[PDB]
Structures are given as C-alpha cells and as structure tokens.
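Q: The structure that follows is given in the form of structure tokens.
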Amino acid sequence: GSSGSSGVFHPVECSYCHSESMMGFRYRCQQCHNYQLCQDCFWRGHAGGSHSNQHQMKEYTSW
Ligand SMILES: [Zn+2]
Ligand SMILES: [Zn+2]
C-alpha cells in the first residue's frame, strides 16, 4: 500500500481485500466476532476455520 496523511483519513477500506475504490459497502457477518466484507468479497464469497460460508452478512453504515 501507499498513501499520504494530508487528505483522506480512515476511508472506506475492507478488512481482507482491503479495497480502495468506493463501490462496495460495510457488510458485517450475522453471528461472528470480527467479520466485515464488501460487495466484492461477498460476490465471490469468503470464509475460514472461523467464519463459515453459510454465514450471511448485514449491511451497515459505519465505515
Ligand atoms: Zn472486500
Ligand atoms: Zn460468520
């Protein structure tokens, strides 16, 4: 990554794919500790030992 601290601060960035473009949204899994994804991540579908592909995501407006 690479950016300056003279403008944008804590912009819309994913947790995994850490996207930059402003297209997706904040999608927080249903039942989980810390699982947030964006439109893309969702479209493709992500998961792991912790998060299960059978976990739905909710749309929130925080980031
Ligand atoms: Zn993402
Ligand atoms: Zn989950």
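Chain identifiers are assigned as A, B, and so on, following the order in which chains appear in the structure tokens; residues are numbered from 1 within each chain, and ligands are numbered from 1 in order of appearance.
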Kindly provide, as a ChimeraX atom specification, all nucleotide and amino acid residues lying within 12 Å of ligand 2, counting only C-alpha atoms and all ligand atoms.
A: /A:27-37,42,45-58
Q: List as number ranges by chain the protein and nucleic acid residues near region 16-24 of chain A, meaning an atom at most 9 Å away when only C-alpha atoms are counted, but skip any in the same chain fewer than 5 places from it.
A: A: 11, 36-41
Q: Step one, run DSSP on the backbone; step two, keep only residues of chain A assigned to helix (DSSP H, G or I); then write them as a ChimeraX atom specification.
A: /A:39-44
Q: Report as a PyMOL selection string: the residues of chain A with a DSSP assignment of strand (DSSP E), based on the backbone of this structure.
A: chain A and resi 26-29+36-37+57-60
